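Notes to accompany the following structure.
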Amino acid sequence: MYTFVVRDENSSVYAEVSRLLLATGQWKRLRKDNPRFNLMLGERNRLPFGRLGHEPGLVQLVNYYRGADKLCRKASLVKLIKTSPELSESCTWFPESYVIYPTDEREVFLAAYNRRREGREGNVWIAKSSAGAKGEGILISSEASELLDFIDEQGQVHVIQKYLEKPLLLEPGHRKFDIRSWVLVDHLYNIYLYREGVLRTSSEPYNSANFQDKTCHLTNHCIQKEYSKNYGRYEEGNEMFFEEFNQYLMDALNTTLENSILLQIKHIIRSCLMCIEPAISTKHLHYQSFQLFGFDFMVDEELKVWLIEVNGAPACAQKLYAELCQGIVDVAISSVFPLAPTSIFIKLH
Amino acid sequence: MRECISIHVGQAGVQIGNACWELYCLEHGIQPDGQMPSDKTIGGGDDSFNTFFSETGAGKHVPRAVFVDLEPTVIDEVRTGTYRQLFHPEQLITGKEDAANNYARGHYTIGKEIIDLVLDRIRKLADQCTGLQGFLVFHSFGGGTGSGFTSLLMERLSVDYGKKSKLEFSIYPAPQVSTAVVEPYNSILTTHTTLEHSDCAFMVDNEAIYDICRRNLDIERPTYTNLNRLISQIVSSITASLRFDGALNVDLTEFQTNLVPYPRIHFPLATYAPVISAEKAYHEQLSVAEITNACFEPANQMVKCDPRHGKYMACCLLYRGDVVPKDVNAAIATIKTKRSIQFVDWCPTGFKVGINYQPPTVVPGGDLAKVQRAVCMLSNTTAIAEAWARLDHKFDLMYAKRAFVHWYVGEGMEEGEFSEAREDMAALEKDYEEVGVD
Amino acid sequence: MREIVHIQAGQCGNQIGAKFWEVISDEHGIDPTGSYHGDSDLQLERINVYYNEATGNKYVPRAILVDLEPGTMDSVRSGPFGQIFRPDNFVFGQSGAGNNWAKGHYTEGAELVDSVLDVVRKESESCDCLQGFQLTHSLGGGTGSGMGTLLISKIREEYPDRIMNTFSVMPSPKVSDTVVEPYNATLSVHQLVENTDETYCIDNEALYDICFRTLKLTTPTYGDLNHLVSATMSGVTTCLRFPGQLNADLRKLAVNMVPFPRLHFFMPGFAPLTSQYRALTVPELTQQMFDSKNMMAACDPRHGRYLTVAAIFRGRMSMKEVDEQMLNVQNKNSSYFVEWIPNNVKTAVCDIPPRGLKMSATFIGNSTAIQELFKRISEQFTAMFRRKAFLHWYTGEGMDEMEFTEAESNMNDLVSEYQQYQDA
Amino acid sequence: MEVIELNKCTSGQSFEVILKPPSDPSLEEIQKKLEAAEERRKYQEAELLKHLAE
Ligand SMILES: Nc1nc2c(ncn2[C@@H]2O[C@H](COP(=O)(O)OP(=O)(O)OP(=O)(O)O)[C@@H](O)[C@H]2O)c(=O)[nH]1
Ligand SMILES: Nc1ncnc2c1ncn2[C@@H]1O[C@H](COP(=O)(O)OP(=O)(O)CP(=O)(O)O)[C@@H](O)[C@H]1O
Ligand SMILES: Nc1nc2c(ncn2[C@@H]2O[C@H](COP(=O)(O)OP(=O)(O)O)[C@@H](O)[C@H]2O)c(=O)[nH]1
Ligand SMILES: [Ca+2]
Ligand SMILES: [Ca+2]
Ligand SMILES: [Mg+2]
Ligand SMILES: [Mg+2]
Ligand SMILES: [Mg+2]
């Protein structure tokens with residue numbers, strides 16, 4: 001009989017995992033402040049890692065990797081990519097980015113902007129922050145003055161980045177979209193990619209002449225389910241799953257999802273997680289970690305994949321909660337606490 | 001030549017002291033009767049080993065040490081043990097009834113009755129020094145004497161020897177071998193009143209020693225004797241520079257100068273390698289790179305914590321055995337490329353290295369195999385504040401209900417001293433976070 | 001902290017006290033004439049905690065025998081180990097106490113107490129380092145209950161800085177001598193709340209149920225109940241009598257077990273209890289010692305929570321297995337241990353098993369479910385007191401009705417105080 | 001990776017390797033607090049003896 005505690009009441013994913021664990025008859029839930037637990041479903045902020053692994057006789061496991069925020073904060077992700085020789089600052093799959101405080105990279109950002117200015121190249125940049133939750137905190141502009149002035153009005157650090165001006169458009173609708181992949185890293189640092197992804201699409205036609213109507217430019221579910229007068233017009237919930245997307249790629253482009261996009265996604269996931277492996281592995285630590293990640297990708301018109309951001313506390317799509325949650329129990333929980341069929345994950349080496 | 005005086009307080013301090021001086025005698029070739037055939041200046045001399053041993057006209061080498069316990073059981077073993085001939089009565093002080101795991105008892109009630117006797121017995125060793133440099137004080141956090149009487153002794157030593165250095169070797173409490181539920185109270189009370197009187201303190205977590213003994217020595221249920229033999233090897237690596245010819249850490253002042261830029265943050269983390277089982281008949285000999293890389297495994301640290309999520313303020317490497325400088329630099333260069341080693345911005349990223357050609361000495365018939373080379377690393381990393389956070393949390397759970405507080409008030413302590421001491425640890429936790437986190 | 005002074009008072013206190021000395025005298029190799037005939041140095045290392053040494057290498061219990069009538073103490077002096085006690089240490093009168101707390105505490109007992117205190121004073125003065133005192137008695141009668149608590153009040157006045165410890169037998173209508181036992185017990189609990197550091201609550205209702213249900217004895221006697229009390233007392237004093245690290249003296253024990261001065265009433269347990277030659281595995285020992293059916297206070301621990309727990313394992317066994325088994329009990333039932341006292345379960349092992357067993361285990365618990373015992377007593381008390389039934393036996397000895405009212409208030413406060421920490 | 005201050009002797013040697021540069025209460029007061037605690041201890045005991053005398 002295994003024991004666990006819950007410290008993030010607002011997690012949709014682990015509310016389900018907590019539910020499955022109980023329905024097995026072999027996991028007992030404890031009061032949230034009881035220390036004699038086998039499994040901690042921890043809080044988002046200030047998780048007390050320093051108090052784990054000191055209970056004699058208990059093997060202790062937590063659903064977060066200490067130090068993984070370097071990947072899951074827009075500011076620090078830029079730094080991790082620029083200064084990591086394993087990523088080279090020249091890796092071809094991350095847009096040109098700069099960190100800008102209201103240290104700072106203001107001077108270098110302006111330098112690349114002039115080069116593009118004289119070069120006549122697409123000079124549309126997007127500014128965003130970490131506290132930017134639910135469609136607010138972004139500005140898309142082709143004039144740097146409006147960008148920096150928008151940042152100096154906010155007290156939080158921000159990031160300026162190339163706005164991908166040539167995105168891949170679905171037809172009909174001429175509409176933007178983005179790909180969410182769910183990735184599970186277990187205590188051994190095996191990397192498991194959930195076979196099911198999802199596209200979060202814009203129900204409005206992409207209009208590259210007005211970056212002010214941030215509707216056909218932002219793929220967020222919250223913005224499309226409120227501002228876009230065409231919500232649910234094409235797919236149920238502006239969510240298209242991989243079978244349809246694949247069939248579309250076969251019908252429209254004479255290719256498949258695996259060849260044109262998945263090889264690159266798998267490459268990007270491995271690079272990011274292998275880079276920080278020596279800093280966050282718990283292979284010889286007194287407690288163990290696993291964590292579910294949400295990778296967000298862009299696809300351009302040349303079928304090139306771009307990494308947008310990594311989410312450390314992601315939620316799932318409605319119809320995918322069941323299958324994926326059982327997989328967390330199987331691969332990441334029962335692997336450490338065994339209980340008494342083709343996999344739903346792809347293992348990346 | 002400058003002398004050093006060792007002071008051992010409470011059961012933990014006395015038993016570890018016994019283990020250390022046994023090791024010293026083996027290292028310096030001093031028989032249990034005190035004679036030393038290699039010493040050719042009879043009855044005197046100012047060699048390196050004379051910083052820990054004085055000499056009688058009969059050629060006996062006597063440790064510059066003092067043993068203090070508020071109960072006589074543990075010091076009586078010293079009085080009748082293998083090295084009974086080493087010390088003389090004046091160096092062994094014992095009371096009648098102990099502190100009952102009650103800091104207030106060891107500090108106020110009982111300490112007040114013995115402090116002058118202890119100080120006067122210490123004054124006798126001091127008077128026999130031509131240039132005393134300070135004290136090394138061994139004790140536990142959790143016992144009533146080790147915590148309560150030690151803190152009183154440190155206050156008085158600062159008054160009577162204001163210009164002298166004071167170093168601590170402290171045992172941090174672990175439930176797997178602990179004897180009292182109130183050990184968190186005592187730990188925090190003694191860290192509060194002792195902080196400003198200690199220049200450098202080395203914490204040993206019994207949990208960490210316990211696990212090393214089960215893992216690397218294959219001991220089912222380690223005992224204090226197992227633990228103390230391993231602790232003595234580490235203590236010996238740290239004091240070896242005071243006892244042998246050398247150029248690094250040759251006086252107590254150099255420990256502060258080399259490991260402690262900020263006075264309050266004076267708790268360096270110690271890591272030791274290799275620990276090899278002696279029943280292991282055939283074992284491969286580890287290289288300089290292998291034992292140096294092991295200094296960055298949490299499993300070999302005296303306090304479990306993750307230095308990858310902290311910052312370094314200083315770092316010393318102390319080798320014993322077949323080790324030359326170029327093998328060390330070759331090992332360090334390789335480790336830099338594979339490890340997360342972050343220093344604070346206002347400190348150099350470097351290492352101070354000392355090599356002593358004599359390989360570690362091991363008590364015959366003990367648990368540790370003899371190796372061709374070993375290393376002890378001392379690093380001042382903010383990650384050690386994880387141990388303060390564990391301790392403070394346990395204190396918070398009990399004090400919110402005032403559990404056990406009546407035992408302390410009964411001895412004369414006011415309830416205010418509790419929060420006074422808990423507010424100081426709160427500041428100390430904040431000092432570590434300012435120094436090490438972004 | 002070496003010498004303990006033992007005191008036994010009244011019929012129950014002396015009948016249990018005598019069995020205790022037979023059992024532990026056997027463990028330390030002391031024969032009925034005070035000669036030592038052991039074969040292990042472990043037997044003599046801490047023999048001074050309970051025994052004085054006389055000429056010719058004789059050992060004399062540091063025990064004082066008290067009663068207001070001679071009956072039960074003549075039987076002790078004629079018992080198996082009767083001749084081992086110091087003759088001067090028998091102190092007794094003739095009137096008896098008629099199962100009346102007021103006679104023991106205020107009239108008959110008052111006349112005799114100064115003689116007891118003279119003998120106590122004589123044993124304490126020869127002590128190198130007196131730890132404190134332990135008293136055996138029942139709460140349902142007159143001498144052990146009324147004079148016992150008077151003794152404790154006066155020892156404290158003379159030795160305020162020593163530990164005071166009792167084994168107290170609680171009455172039950174199922175093993176009852178008179179209808180006034182709830183009056184006597186209620187008056188006594190008030191004294192113990194103020195004047196003892198540790199009290200082991202031994203409930204005659206539990207001893208009876210264990211003899212009937214588990215040991216399969218159709219018609220238990222007091223002798224059968226006292227065999228259980230002997231085994232328990234030997235168990236809970238093991239840490240005082242043999243070399244060891246944990247709870248090795250009375251004051252360190254009280255620091256580990258008592259988080260609030262008034263909540264110092266302990267629930268003891270013992271394993272195994274069998275109706276004999278089969279070996280008991282360490283898992284088996286651990287599951288039985290924690291089972292309510294092995295508890296001596298007739299309280300369901302699943303009805304409250306544990307403040308602190310002390311366990312002792314005796315015999316040659318795997319210390320690794322003992323640690324694993326104890327960690328498994330806490331980990332698999334963490335609901336019943338308070339979370340605001342970290343690591344509140346301590347465990348000791350001694351290599352010398354008790355007579356007749358290869359291994360055994362003894363349990364000492366500070367549980368909030370002990371309030372069920374005081375609620376029992378409080379109900380029985382009030383049922384009579386609301387009609388002032390049987391009070392004339394007490395007002396005839398000079399007591400007033402208000403005193404009873406206060407004793408009742410104090411105990412209902414004690415029950416409220418336990419309920420306070422069961423919900424914290 | 002600069003090595004500095006290499007000192008050699010018959011029993012060993014020491015040196016330093018640098019990888020990157022940077023970027024009390026009086027005795028009287030002690031006696032007061034100790035005697036303050038002893039006084040509170042004496043007051044608590046006088047209260048017990050008074051209570052027992054009642
Ligand atoms: N490593 C190690 N720890 C010990 C040793 N002896 C005791 N301890 C630890 O020290 C703590 C108990 O403190 P003690 O030193 O035994 O107590 P004390 O200083 O004698 O003070 P008193 O309360 O008067 O007995 C516990 O955490 C023990 O685990 C020892 O020999 N080696
Ligand atoms: N560099 C870029 N080029 C083109 N489009 C971009 C872009 N960066 C972001 N976008 C689009 O704008 C949106 C900005 O969202 P952002 O990157 O802030 O995620 P978010 O934190 O607000 C919600 P989530 O946690 O699910 O990622 C993206 O969903 C994407 O559609
Ligand atoms: N367990 C046990 N209980 C006893 C024994 N003798 C008496 N009692 C109980 O003791 C209580 C009080 O009686 P007692 O001690 O004999 O009166 P006293 O002589 O005035 O102290 C009653 O509840 C009895 O049930 C005994 O030998 N063993
Ligand atoms: Ca000499
Ligand atoms: Ca009379
Ligand atoms: Mg986000
Ligand atoms: Mg002690
Ligand atoms: Mg009777």
Side-chain angles (χ1 to χ4, degrees), chain B residues 11-12 15 70-74 94-105 109-110 142-144 173-186 207 210 214 219-224 390-411, chain C residues 1-3 45-46 127-132 160-163 197 239 243-264 307-310 317-324 326-327 330 338-349 366 420-421 424:
Chain B
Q11 176 177 104
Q15 296 196 145
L70 303 179
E71 146 237 13
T73 311
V74 188
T94 54
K96 291 195 185 74
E97 72 180 337
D98 69 23
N101 294 326
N102 187 340
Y103 171 99
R105 220 172 134 84
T109 305
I110 298 180
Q176 268 179 326
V177 300
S178 91
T179 56
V181 185
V182 294
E183 298 203 30
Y185 284 169
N186 298 333
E207 168 182 277
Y210 193 83
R214 281 195 296 186
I219 301 173
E220 299 262 354
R221 209 295 185 178
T223 67
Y224 281 144
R390 291 159 60 208
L391 216 52
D392 288 349
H393 179 67
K394 290 177 175 180
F395 176 110
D396 287 349
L397 282 164
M398 291 194 299
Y399 195 77
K401 311 281 183 299
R402 296 303 186 266
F404 303 101
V405 170
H406 65 286
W407 286 110
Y408 296 71
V409 179
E411 295 295 351
Chain C
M1 291 289 287
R2 59 166 58 188
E3 290 99 356
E45 202 163 1
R46 299 189 72 187
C127 281
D128 201 28
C129 184
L130 170 68
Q131 297 191 40
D161 62 339
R162 302 292 148 95
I163 292 288
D197 296 300
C239 287
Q245 271 290 303
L246 190 99
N247 292 324
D249 66 57
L250 295 169
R251 182 173 286 111
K252 271 174 172 181
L253 177 74
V255 173
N256 284 338
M257 292 293 299
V258 179
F260 306 97
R262 285 160 56 90
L263 312 184
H264 56 261
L307 298 169
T308 60
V309 171
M317 71 194 70
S318 169
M319 187 148 307
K320 171 182 173 56
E321 209 168 9
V322 171
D323 291 336
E324 296 185 355
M326 287 299 295
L327 289 176
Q330 313 174 55
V338 302
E339 67 276 20
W340 39 276
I341 298 185
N343 311 111
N344 63 2
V345 178
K346 303 297 191 181
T347 302
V349 176
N366 193 346
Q420 172 177 351
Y421 294 109

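All chains are named by letter (A, B, ...) in the order of the sequence lines, taking the proteins before the strands, and each is independently numbered beginning at 1.
Counting heavy-atom pairs closer than 4.5 Å to chain B, the top residue among C:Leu307, C:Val258, C:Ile341 is C:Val258. Per-residue counts of heavy-atom pairs under 4.5 Å with chain B were compared for C:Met1, C:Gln245, C:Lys320, C:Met319; the largest is that of C:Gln245. Ranking C:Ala348, C:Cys129, C:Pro261, C:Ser318 against chain B, the residue ahead of the rest is C:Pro261, based on heavy-atom pairs under 4.5 Å.
If you measure heavy-atom distances from B:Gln176 to chain C, you find no contacts under 4.5 Å at all. Contacts of C:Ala254 with chain B are made by both backbone and side-chain atoms, with heavy-atom separations under 4.5 Å. Neither the backbone nor the side chain of B:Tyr399 comes within contact range of chain C; no heavy atom of the residue lies under 4.5 Å from a heavy atom of that chain. Looking at C:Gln131, neither its backbone nor its side chain comes within 4.5 Å of chain B, counting heavy atoms on both sides. Only the side chain of C:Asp323 has a heavy atom closer than 4.5 Å to any heavy atom of chain B. Of the two parts of B:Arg105, only the side chain, counted from C-beta on, holds a non-hydrogen atom closer than 4.5 Å to a non-hydrogen atom of chain C.
Between the side chains of B:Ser178 and C:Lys346, at least one donor N or O lies within less than 3.5 Å of an accepting N or O.
Residues B:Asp98 and C:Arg251 are not paired through a salt bridge, judged by the lack of any N-O separation under 4.0 Å between the basic side chain and the carboxylate.
Looking at B:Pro175, B:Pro184, B:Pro173 one by one, the single match for side-chain contact (heavy atoms from CB on, under 4.5 Å) with C:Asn343 turns out to be B:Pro175.
One N or O on the side chain of C:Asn256 and one on the backbone of B:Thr179 form a donor-acceptor pair closer than 3.5 Å.
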